[PDB]
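Asker: Right, I'll just put the structure down here and ask away after.
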Amino acid sequence: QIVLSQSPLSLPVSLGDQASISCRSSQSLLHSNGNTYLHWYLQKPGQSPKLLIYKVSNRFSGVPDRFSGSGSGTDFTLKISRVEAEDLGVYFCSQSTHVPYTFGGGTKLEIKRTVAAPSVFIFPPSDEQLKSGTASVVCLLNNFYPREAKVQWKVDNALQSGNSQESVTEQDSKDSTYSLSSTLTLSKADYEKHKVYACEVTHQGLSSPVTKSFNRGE
Amino acid sequence: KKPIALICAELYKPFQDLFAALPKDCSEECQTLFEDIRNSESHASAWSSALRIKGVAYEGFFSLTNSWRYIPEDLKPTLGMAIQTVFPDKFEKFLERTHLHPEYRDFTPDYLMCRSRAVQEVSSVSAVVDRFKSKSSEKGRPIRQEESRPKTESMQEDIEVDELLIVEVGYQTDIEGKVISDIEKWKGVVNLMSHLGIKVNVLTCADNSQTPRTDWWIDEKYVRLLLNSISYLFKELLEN
Amino acid sequence: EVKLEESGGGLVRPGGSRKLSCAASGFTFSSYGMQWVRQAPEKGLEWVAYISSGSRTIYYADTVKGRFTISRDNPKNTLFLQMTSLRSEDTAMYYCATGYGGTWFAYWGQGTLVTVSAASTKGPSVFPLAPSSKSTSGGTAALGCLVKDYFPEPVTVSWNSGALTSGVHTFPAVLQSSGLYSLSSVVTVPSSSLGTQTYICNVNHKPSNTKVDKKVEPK
């Protein structure tokens, strides 16, 4: 199959700056009919994809003119001359010269903004859930930038593993931040054998790792 | 017991019916050949003539059935001629890549057509391929078919390209062997065309006298004409 | 205007079968090739199949060969995908698409979600994430709802019947090893409003026809 290699995997860019996304093909995309079927798409969060550029450099009707494409053979580039807030999302190249039609892996365009340290909150399990035999403890990292963050759970200073899951929002269309939930799930029996529940958060916006903790009985 | 000249006498009416239905040039060739049989001095001579009539008549009826122009063998274009005239900008590369297999330039199919832009014109190549595949799939008639394809290229909807259709037909007992040998002969060209970026289809098919009359590659009306004339003649030349 | 509208998605057991349809309008459907593309949740785009205008030329992704069949009905302006021997790896949003003049994907439908799993349909358990001093920062408090162990996806979460939208973060669901989904929704509000404003997370899970309204209070 034709392999399309996009670079970079993620592209932070300030509003108003240019962005350039590379797509490299494992073989030439020049078709024997003389056309080169390399195309560019944007998928905004929660929406279906949208064609931007077809056959290397043809802007699709109605696409804003800040988008353009160039290249030949195996080396292609998508340029956004001046990034706008609506350009947040994942950019894909794809090719239809050869069967199977194939896509690049996607380049996530991230709107750059000033560093924002997370606000860190913790939620003990509800009595309703404990009545059912399980205890989920939620640690919330709210409205932070950039995305890189480390979250770990300690129960009476013992580091937990294999019993927590984490989820991250897409970059917020308005304030360009992320939020992250980390949920620790223990059995009710396990939960009641321990006192201190703590979430430890590392983020470059913080002067030092922040531990948010509560005491079960309290 | 019957002399050959005399064999041609009894078959006067079936062969008149045959000559009346074939295309003009095809009819004339068969008519000359028939007089060669009538005036045959040897059995080998009369058999060879008949074999030729069998192939030439069948191809005239194949043309009629398909509304294609019957082309005498002497006027049939070669592959090299089609490339030079339909794909002139690739002819130089065609020559270079045929240095090891120059016989490819002289390959002369029974039919050598191109999509409507001495190569004949056909409005749709895919339509011809489909009706071949349909009859093969419906009546179990042996065909072979190959399409050139550069690398794993997809067909496209935003541009049209010239293409060739190469067809081999025949009337002979070993139908499977006919189509197997044809597609093998042309396999190297198809791969050549793939490398030149030239779109071609090759089709080969065959009929024999054991095929059900409604199942031939020619109209059943033409089957009765061949069976009543040439095929009877072959019986008479053997039994006498 | 060109519009493609997929239907036929939903829940299928592994090894099962499903037929998708795509209704095309606003252009002469019969003159153009039509395509299917899919996207597994949180993953990239994967082409599925192509069918020429007159159905003579059909291409398939290698991962669906022998299992999926693409077809169309030009008089009815409809494209079909017949899916068989389905596997969990086929769970995805399925889009129909056309180039309206080429093999690129110029127009896309909104997609239809196909979930392949033997998990049984189940509405969520919804638990409060109560505001406390441990969820307060200055004049702001966070609260939310844990939406646990529902199947299949689509769940919608709103707050106060949609009136509360500022500061709401509804996290993507995580597929758990049980085969069920879970997520949380959180919102930050003025701490001054605790005890005077009622906060209710409304959770709607149409696959199970369940709707939960959970009021979230200080504990």
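Simple scheme: letters A, B, ... for chains in structure tokens order, numbers from 1 for residues in each chain, numbers from 1 for ligands in the order shown.
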Could the residues of chain A that have an atom at most 10 Å from chain B be listed as a tab-separated table, each with its closest atom pair and the distance in Å to one decimal, counting only C-alpha atoms and ordered by chain and ascending residue number?

Answerer:
```
residue	atom	partner	partner_atom	distance
A:1	CA	B:152	CA	8.6
A:2	CA	B:152	CA	9.5
A:29	CA	B:153	CA	9.4
A:30	CA	B:153	CA	9.8
A:31	CA	B:153	CA	7.1
A:32	CA	B:197	CA	5.1
A:33	CA	B:161	CA	6.8
A:34	CA	B:159	CA	9.3
A:35	CA	B:159	CA	8.7
A:37	CA	B:156	CA	9.5
A:96	CA	B:154	CA	6.9
A:97	CA	B:153	CA	5.7
A:98	CA	B:153	CA	4.1
A:99	CA	B:154	CA	5.5
A:100	CA	B:152	CA	8.1
A:101	CA	B:154	CA	8.5
```

Asker: Restrict the distance test to only C-alpha atoms, flag each residue of chain C within 8 Å of chain A, and return the flagged residues as a VMD selection string.

Answerer: chain C and resid 44 to 47 59 to 62 103 to 111 127 to 131 134 to 137 142 169 to 174 184

Asker: Could you please tell me, as a list in words, which residues of chain C have an atom within 12 Å of chain B when using only C-alpha atoms?

Answerer: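 So the contacting residues turn out to be residues 31, 32, 33, 34, 50, 51, 52, 53, 54, 55, 56, 57, 58, 59, 60, 98, 99, 100, 101, 102, 103 and 104 of chain C.
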
Asker: Next, dump the selected residues to file, keeping only N, CA, C and O atoms, as a short mmCIF file (atom, residue, chain, number, x, y, z; two decimals), in the first residue's frame.

Answerer:
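Okay, this is what ended up in again00.cif:
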```
data_model
loop_
_atom_site.label_atom_id
_atom_site.label_comp_id
_atom_site.auth_asym_id
_atom_site.auth_seq_id
_atom_site.Cartn_x
_atom_site.Cartn_y
_atom_site.Cartn_z
N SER C 31 -24.03 9.73 -12.15
CA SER C 31 -22.88 10.04 -12.98
C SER C 31 -21.55 9.95 -12.24
O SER C 31 -20.51 10.18 -12.87
N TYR C 32 -21.55 9.61 -10.95
CA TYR C 32 -20.34 9.75 -10.13
C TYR C 32 -20.05 8.51 -9.31
O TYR C 32 -20.96 7.81 -8.85
N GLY C 33 -18.75 8.24 -9.12
CA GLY C 33 -18.33 7.24 -8.17
C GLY C 33 -18.69 7.64 -6.75
O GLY C 33 -18.75 8.82 -6.40
N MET C 34 -18.92 6.63 -5.92
CA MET C 34 -19.32 6.81 -4.53
C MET C 34 -18.42 5.97 -3.63
O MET C 34 -17.93 4.91 -4.02
N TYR C 50 -14.97 1.72 -2.84
CA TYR C 50 -15.29 2.60 -3.95
C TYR C 50 -16.14 1.85 -4.97
O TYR C 50 -15.89 0.67 -5.23
N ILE C 51 -17.13 2.52 -5.55
CA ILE C 51 -17.94 1.94 -6.62
C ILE C 51 -18.11 2.98 -7.72
O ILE C 51 -18.49 4.13 -7.45
N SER C 52 -17.83 2.59 -8.96
CA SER C 52 -17.92 3.52 -10.07
C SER C 52 -19.39 3.88 -10.31
O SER C 52 -20.32 3.25 -9.80
N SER C 53 -19.59 4.94 -11.11
CA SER C 53 -20.94 5.42 -11.40
C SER C 53 -21.86 4.30 -11.88
O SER C 53 -23.01 4.18 -11.45
N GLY C 54 -21.36 3.47 -12.79
CA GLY C 54 -22.17 2.39 -13.34
C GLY C 54 -21.91 1.02 -12.74
O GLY C 54 -22.32 0.01 -13.31
N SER C 55 -21.24 0.99 -11.58
CA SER C 55 -21.01 -0.22 -10.78
C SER C 55 -20.04 -1.20 -11.44
O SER C 55 -19.87 -2.31 -10.92
N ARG C 56 -19.39 -0.83 -12.54
CA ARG C 56 -18.47 -1.77 -13.19
C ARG C 56 -17.18 -1.95 -12.41
O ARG C 56 -16.58 -3.04 -12.44
N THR C 57 -16.72 -0.91 -11.73
CA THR C 57 -15.43 -0.94 -11.05
C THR C 57 -15.64 -0.75 -9.57
O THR C 57 -16.16 0.29 -9.14
N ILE C 58 -15.22 -1.74 -8.79
CA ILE C 58 -15.39 -1.74 -7.35
C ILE C 58 -14.03 -2.03 -6.71
O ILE C 58 -13.36 -3.00 -7.08
N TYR C 59 -13.64 -1.21 -5.74
CA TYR C 59 -12.42 -1.45 -4.97
C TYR C 59 -12.76 -1.60 -3.50
O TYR C 59 -13.68 -0.95 -3.00
N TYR C 60 -11.96 -2.42 -2.79
CA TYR C 60 -12.13 -2.64 -1.36
C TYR C 60 -10.80 -2.50 -0.63
O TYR C 60 -9.76 -2.94 -1.12
N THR C 98 -18.22 11.40 -1.87
CA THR C 98 -18.05 11.41 -3.32
C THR C 98 -17.14 12.56 -3.68
O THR C 98 -17.02 13.54 -2.92
N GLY C 99 -16.47 12.44 -4.82
CA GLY C 99 -15.70 13.56 -5.33
C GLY C 99 -16.49 14.47 -6.22
O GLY C 99 -16.06 15.59 -6.52
N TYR C 100 -17.68 14.03 -6.62
CA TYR C 100 -18.49 14.80 -7.56
C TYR C 100 -17.63 15.24 -8.75
O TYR C 100 -17.60 16.42 -9.13
N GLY C 101 -16.89 14.28 -9.31
CA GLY C 101 -15.98 14.54 -10.41
C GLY C 101 -14.56 14.02 -10.21
O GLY C 101 -13.66 14.40 -10.95
N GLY C 102 -14.33 13.19 -9.20
CA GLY C 102 -12.99 12.66 -8.99
C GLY C 102 -13.00 11.67 -7.85
O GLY C 102 -14.01 11.47 -7.17
N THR C 103 -11.84 11.04 -7.65
CA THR C 103 -11.67 10.02 -6.63
C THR C 103 -11.31 10.58 -5.26
O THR C 103 -11.17 9.80 -4.30
N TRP C 104 -11.19 11.89 -5.13
CA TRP C 104 -11.03 12.54 -3.84
C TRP C 104 -12.38 12.61 -3.13
O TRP C 104 -13.45 12.39 -3.72
#
```

Asker: From a DSSP pass on the backbone, collect the residues of range 88-216 of chain B flagged as strand (DSSP E) and hand them back as an MDAnalysis selection string.

Answerer: chainID B and resid 111:115 120:122 143:147 163:168 199:205

Asker: With a distance cut-off of 7 Å and only C-alpha atoms, select the neighbouring residues of range 84-91 of chain C, excluding the residue or stretch itself and same-chain residues fewer than 4 positions from it, and output the selection as JSON, numbers by chain.

Answerer: {"C": [14, 15, 16, 17, 18, 40, 67, 68, 114, 115, 116, 117]}

Asker: Give me, as a JSON list (two decimals) with N, CA and C atoms, in the first residue's frame, the residues of range 73-172 of chain C that a backbone DSSP run labels helix (DSSP H, G or I).

Answerer:
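What landed in out-v7.json:
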```
[["chain", "number", "residue", "atom", "x", "y", "z"],
["C", 74, "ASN", "N", -29.10, 3.58, -8.74],
["C", 74, "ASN", "CA", -29.02, 4.93, -9.30],
["C", 74, "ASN", "C", -30.41, 5.56, -9.43],
["C", 75, "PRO", "N", -31.43, 4.82, -9.90],
["C", 75, "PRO", "CA", -32.78, 5.41, -9.92],
["C", 75, "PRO", "C", -33.25, 5.88, -8.55],
["C", 76, "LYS", "N", -32.77, 5.29, -7.46],
["C", 76, "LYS", "CA", -33.19, 5.72, -6.13],
["C", 76, "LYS", "C", -32.14, 6.57, -5.42],
["C", 88, "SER", "N", -15.00, -6.71, 16.21],
["C", 88, "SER", "CA", -14.92, -5.52, 17.06],
["C", 88, "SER", "C", -14.15, -4.41, 16.37],
["C", 89, "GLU", "N", -13.10, -4.76, 15.60],
["C", 89, "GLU", "CA", -12.27, -3.81, 14.87],
["C", 89, "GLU", "C", -13.06, -3.04, 13.81],
["C", 90, "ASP", "N", -14.26, -3.49, 13.46],
["C", 90, "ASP", "CA", -15.11, -2.75, 12.54],
["C", 90, "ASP", "C", -15.95, -1.67, 13.21],
["C", 133, "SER", "N", -14.61, 21.98, 49.51],
["C", 133, "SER", "CA", -13.41, 22.81, 49.59],
["C", 133, "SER", "C", -12.27, 22.20, 48.79],
["C", 134, "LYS", "N", -12.33, 20.90, 48.53],
["C", 134, "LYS", "CA", -11.33, 20.19, 47.74],
["C", 134, "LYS", "C", -11.53, 20.38, 46.24],
["C", 135, "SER", "N", -12.62, 21.06, 45.85],
["C", 135, "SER", "CA", -12.96, 21.33, 44.45],
["C", 135, "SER", "C", -13.23, 22.82, 44.24],
["C", 160, "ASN", "N", -28.59, 21.52, 33.83],
["C", 160, "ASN", "CA", -29.78, 22.34, 34.02],
["C", 160, "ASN", "C", -30.57, 22.45, 32.72],
["C", 161, "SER", "N", -30.81, 21.29, 32.10],
["C", 161, "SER", "CA", -31.59, 21.20, 30.86],
["C", 161, "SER", "C", -31.01, 22.08, 29.76],
["C", 162, "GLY", "N", -29.68, 22.16, 29.70],
["C", 162, "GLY", "CA", -29.00, 22.90, 28.66],
["C", 162, "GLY", "C", -28.74, 24.36, 28.95]]
```

Asker: Go through B:141, B:19, B:68, B:85 one by one, measure the shortest atom-to-atom distance of each to residue 214 in chain B using only C-alpha atoms, and give the residue with the smallest value.

Answerer: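 Closest residue, counting only C-alpha atoms: B:141.
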
Asker: Skipping near chain neighbours, those fewer than 2 positions away, what residues fall within 7 Å of residue 22 in chain B using only C-alpha atoms, listed as a short mmCIF file (atom, residue, chain, number, x, y, z; two decimals) with N, CA, C and O atoms, in the first residue's frame?

Answerer:
```
data_model
loop_
_atom_site.label_atom_id
_atom_site.label_comp_id
_atom_site.auth_asym_id
_atom_site.auth_seq_id
_atom_site.Cartn_x
_atom_site.Cartn_y
_atom_site.Cartn_z
N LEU B 18 -24.12 -19.08 -47.62
CA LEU B 18 -22.99 -18.58 -46.84
C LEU B 18 -22.41 -17.31 -47.45
O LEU B 18 -22.24 -16.30 -46.75
N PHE B 19 -22.07 -17.35 -48.74
CA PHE B 19 -21.46 -16.18 -49.36
C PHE B 19 -22.38 -14.97 -49.35
O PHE B 19 -21.90 -13.83 -49.31
N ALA B 20 -23.69 -15.19 -49.42
CA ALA B 20 -24.62 -14.06 -49.43
C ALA B 20 -24.65 -13.33 -48.10
O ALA B 20 -24.98 -12.14 -48.05
N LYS B 24 -18.76 -8.21 -47.66
CA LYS B 24 -18.29 -8.33 -49.06
C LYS B 24 -16.89 -8.92 -49.14
O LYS B 24 -16.73 -9.94 -49.79
N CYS B 26 -15.05 -10.30 -47.02
CA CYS B 26 -15.01 -11.65 -46.48
C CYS B 26 -15.63 -12.65 -47.44
O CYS B 26 -15.09 -13.74 -47.64
N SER B 27 -16.75 -12.31 -48.06
CA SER B 27 -17.44 -13.23 -49.01
C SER B 27 -16.52 -13.55 -50.19
O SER B 27 -16.44 -14.72 -50.56
N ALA B 57 -14.69 -17.20 -42.76
CA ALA B 57 -16.14 -17.07 -42.63
C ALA B 57 -16.54 -16.78 -41.19
O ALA B 57 -17.34 -15.87 -40.93
N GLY B 60 -15.93 -13.21 -40.30
CA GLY B 60 -16.92 -12.32 -40.91
C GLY B 60 -18.22 -12.30 -40.14
O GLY B 60 -18.86 -11.26 -40.00
N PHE B 61 -18.65 -13.47 -39.64
CA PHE B 61 -19.85 -13.54 -38.82
C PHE B 61 -19.62 -12.97 -37.42
O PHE B 61 -20.55 -12.43 -36.81
#
```

Asker: Please indicate the distance in Å from CA of residue 201 in chain B to CA of residue 83 in chain B, rounded to one decimal place.

Answerer: 13.8 Å

Asker: Mind checking which residues fall within 8 Å of residue 107 in chain B, counting only C-alpha atoms, ignoring those fewer than 6 positions away in the same chain, and posting them as a list in words?

Answerer: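 With the cut-off at 8 Å, the set is residues 78, 79 and 80 of chain B.
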
Asker: Between B:100, B:49, B:118, B:5, which has the minimum distance to residue 81 in chain B (counting only C-alpha atoms)?

Answerer: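 Using only C-alpha atoms, residue 81 in chain B sits closest to B:118.
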
Asker: Just the residues within 6 Å of range 199-202 of chain A, please, counting only C-alpha atoms, with nothing from its chain fewer than 4 positions along; format it as a list in words.

Answerer: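 Within the cut-off, the hits are residues 149, 150, 151, 152, 153, 209, 210, 211 and 212 of chain A.
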
Asker: Mind dumping the selected residues with N, CA, C and O atoms as a compact mmCIF listing (two decimals), in the first residue's frame?

Answerer:
```
# COMPACT_ATOMS: atom_id res chain seq x y z
N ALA A 149 1.05 16.78 30.80
CA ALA A 149 0.75 16.74 32.22
C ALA A 149 0.98 15.32 32.72
O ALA A 149 0.76 14.35 31.99
N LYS A 150 1.41 15.20 33.97
CA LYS A 150 1.52 13.90 34.61
C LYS A 150 0.63 13.85 35.83
O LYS A 150 0.66 14.78 36.66
N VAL A 151 -0.14 12.77 35.95
CA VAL A 151 -1.06 12.56 37.06
C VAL A 151 -0.83 11.16 37.61
O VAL A 151 -0.90 10.19 36.86
N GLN A 152 -0.61 11.06 38.91
CA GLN A 152 -0.49 9.76 39.56
C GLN A 152 -1.29 9.73 40.86
O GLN A 152 -1.51 10.75 41.51
N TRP A 153 -1.73 8.52 41.22
CA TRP A 153 -2.53 8.30 42.42
C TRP A 153 -1.68 7.65 43.50
O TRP A 153 -0.89 6.74 43.22
N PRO A 209 5.34 19.93 41.72
CA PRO A 209 4.19 19.01 41.61
C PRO A 209 3.22 19.26 42.74
O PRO A 209 3.61 19.48 43.89
N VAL A 210 1.94 19.28 42.39
CA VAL A 210 0.87 19.59 43.32
C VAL A 210 0.17 18.29 43.69
O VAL A 210 -0.24 17.52 42.81
N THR A 211 0.05 18.03 44.99
CA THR A 211 -0.67 16.87 45.50
C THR A 211 -1.98 17.35 46.08
O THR A 211 -2.00 18.15 47.03
N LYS A 212 -3.08 16.88 45.52
CA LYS A 212 -4.41 17.17 46.04
C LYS A 212 -4.91 15.90 46.71
O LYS A 212 -4.94 14.83 46.10
```

Asker: Write out as a PyMOL selection string each polymer residue whose atoms come within 10 Å of residue 226 in chain B, counting only C-alpha atoms; drop sequence neighbours fewer than 2 positions from it.

Answerer: chain B and resi 14-15+17-18+53-54+57-58+61+209+220-224+228-233

Asker: What does the file look like for those residues with C-alpha atoms, as a CSV table (one decimal), in the first residue's frame?

Answerer:
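Wrote result-v3.csv, looks like this:
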```
chain,number,residue,atom,x,y,z
B,14,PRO,CA,-25.5,-23.9,-48.7
B,15,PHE,CA,-22.3,-22.1,-49.9
B,17,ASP,CA,-26.3,-18.9,-48.6
B,18,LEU,CA,-23.0,-18.6,-46.8
B,53,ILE,CA,-12.6,-20.8,-45.3
B,54,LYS,CA,-13.7,-21.9,-41.8
B,57,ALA,CA,-16.1,-17.1,-42.6
B,58,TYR,CA,-16.4,-17.3,-38.8
B,61,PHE,CA,-19.9,-13.5,-38.8
B,209,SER,CA,-19.2,-27.3,-33.7
B,220,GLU,CA,-27.4,-18.5,-34.3
B,221,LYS,CA,-28.5,-17.6,-37.8
B,222,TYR,CA,-24.8,-17.5,-38.8
B,223,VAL,CA,-24.2,-20.8,-36.9
B,224,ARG,CA,-26.7,-22.6,-39.2
B,228,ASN,CA,-24.7,-26.2,-43.4
B,229,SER,CA,-21.7,-25.3,-45.5
B,230,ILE,CA,-18.1,-25.6,-44.3
B,231,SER,CA,-18.8,-28.1,-41.6
B,232,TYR,CA,-20.7,-30.4,-44.0
B,233,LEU,CA,-17.8,-29.9,-46.5
```

Asker: Suppose you want the space between CA of residue 164 in chain B and CA of residue 86 in chain B; what is it in Å?

Answerer: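 Value for the CA of residue 164 in chain B-CA of residue 86 in chain B distance: 8.5 Å.
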